[PDB]
Amino acid sequence: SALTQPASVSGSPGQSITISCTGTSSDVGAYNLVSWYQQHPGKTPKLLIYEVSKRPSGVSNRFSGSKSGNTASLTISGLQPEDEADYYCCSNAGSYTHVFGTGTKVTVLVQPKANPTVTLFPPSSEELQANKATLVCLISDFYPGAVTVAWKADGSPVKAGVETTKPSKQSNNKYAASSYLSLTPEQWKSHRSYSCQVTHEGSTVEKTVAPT
Amino acid sequence: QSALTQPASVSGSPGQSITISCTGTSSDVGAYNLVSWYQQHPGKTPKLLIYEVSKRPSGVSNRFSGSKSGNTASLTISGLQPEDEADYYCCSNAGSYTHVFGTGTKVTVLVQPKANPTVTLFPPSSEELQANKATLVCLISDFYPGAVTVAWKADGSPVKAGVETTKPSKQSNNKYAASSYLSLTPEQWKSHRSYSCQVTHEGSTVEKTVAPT
Ligand code: NA
Ligand code: NA
């Protein structure tokens, strides 16, 4: 069973952050064999900590590790922009078996937090004339680069047919993403409205669209 | 702190060949002819595939082969089959009585054919126009691999100002999706006769056109 980590955390340059990683008494709690890895996208992982608290040669002392019960912790002090990466824990579940955490993305805040602009598009006429009814929810100009998207039909949940893209930085150094909802024309015309609800930093924006 | 470095995961198509790498040091992989390879399916006991770099036990298919060069060892799986989907681990002697193991590689077996993108061009929405904005969205979906080139036109003429295109991301069907949006004022939108989104993917081109109404 995988080890449990928070999906993300953020801090300002110079701050201290802490990442926790929770397992069971058969792995994290059974041995002092917890290791921490830093991975930038596309690069091989770098070992930061091994055996709970030991640093390999050449690893900065800004990184420290500890453990209490079935939870191991990685602390990063003096947060620097180069520390923006994915961090995952690893632990022995036995002599040869290892279990891995799900990874925590560390965001180093390089600009003010920005709530997203949300623009919802009904199906185009070309689309409906072709018996398609895809809706697109454009989400732009937000920071940091994480949002939660939920669709609705007449104020009821809709989970099937939804695809949301991973946020990516645009030219204004803010993040953009889109979510689209594949619908048949019958679904589109049988409801009074469809809604795209976008949540960012606990704040929620909902846009609504209706057949015409 | 020692471990043999393996890529976390690779993937290949049925029938093709893949090669896993296993990087050690001059004191283990590079020092001896004693690299082994194991295959493990979830919840099952590991199976020795290769020992002493390239020797194959009886009962192991000859589709598995091992080699090494310098401080890096390699396992090759020819004629990839669905049953080959598993975790693969390398190990090497670090000395007479010591051994180092690898971090493991998940081998996923999945057909991933090329696919040209579906392109849907959206004109400005009503609420957007009443807020004095007229963004156009070009939805680009269901393509593989994850690289496209988007070009916008107005009146058949190239337009690069005010366009943003998201980095393509893999969707639930293992194909990629992205969107390109063009930021206009309502006045710009109405002052043109035509707007077009042209998507290029592997020597294939799709152009969609929309006009104000
Ligand atoms: Na113009
Ligand atoms: Na045009």
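Every chain is numbered from 1, with letters handed out A, B, ... down the list of sequences.
Ring geometry, B:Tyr195 versus B:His192: the interplanar angle exceeds 60°, so the pair is classed perpendicular (tilted spans 30 to 60°).
Annotation: B:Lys190, atom NZ; neighbour count of heavy atoms from other residues, nucleotides and ligands within 6.0 Å does not exceed 12. Counted within 6.0 Å of CD on A:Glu126, heavy atoms from surrounding residues, nucleotides or ligands total 12 or fewer; the atom is thus considered open. In B:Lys208, the NZ atom is crowded: over 12 heavy atoms of neighbouring residues, nucleotides or ligands sit closer than 6.0 Å.
Side chains of B:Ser169 and B:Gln171: a donor-acceptor N/O pair is present below 3.5 angstrom, by distance only. A donor and an acceptor atom, one from each side chain of A:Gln197 and A:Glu206, are nowhere located under 3.5 Å apart. A donor atom on one side chain and an acceptor atom on the other are not found under 3.5 Å apart for B:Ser67 and B:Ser54.
Between chain A and the residues B:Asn173, B:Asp87, B:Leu121, B:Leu139, the largest count of heavy-atom pairs under 4.5 Å involves B:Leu139. Among A:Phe121, A:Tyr180, A:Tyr96, A:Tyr175, the residue with the largest count of heavy-atom pairs under 4.5 Å with chain B is A:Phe121. In terms of heavy-atom pairs under 4.5 Å with chain B, the best-connected choice from A:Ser178, A:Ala177, A:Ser171 is A:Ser171.
If you measure heavy-atom distances from A:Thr164 to chain B, the contacts under 4.5 Å come from the backbone alone. Proximity to chain A is absent for every atom of B:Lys133, based on heavy atoms less than 4.5 angstrom apart. Looking at A:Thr208, the atoms closer than 4.5 Å to chain B (heavy atoms on both sides) all sit in the backbone: N, CA, C or O. If you measure heavy-atom distances from A:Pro123 to chain B, the contacts under 4.5 Å come from the backbone alone.
Minimum interatomic distance between A:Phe142 and A:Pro167 (heavy atoms only, all atoms of both residues): CZ-CB, 4.0 Å.
Identified by a heavy-atom distance below 4.5 Å to chain A, contributing residues of residues 28-48 of chain B are lacking entirely.
Between B:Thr120 and A:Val136 the shortest side-chain heavy-atom distance does not fall below 4.5 Å.
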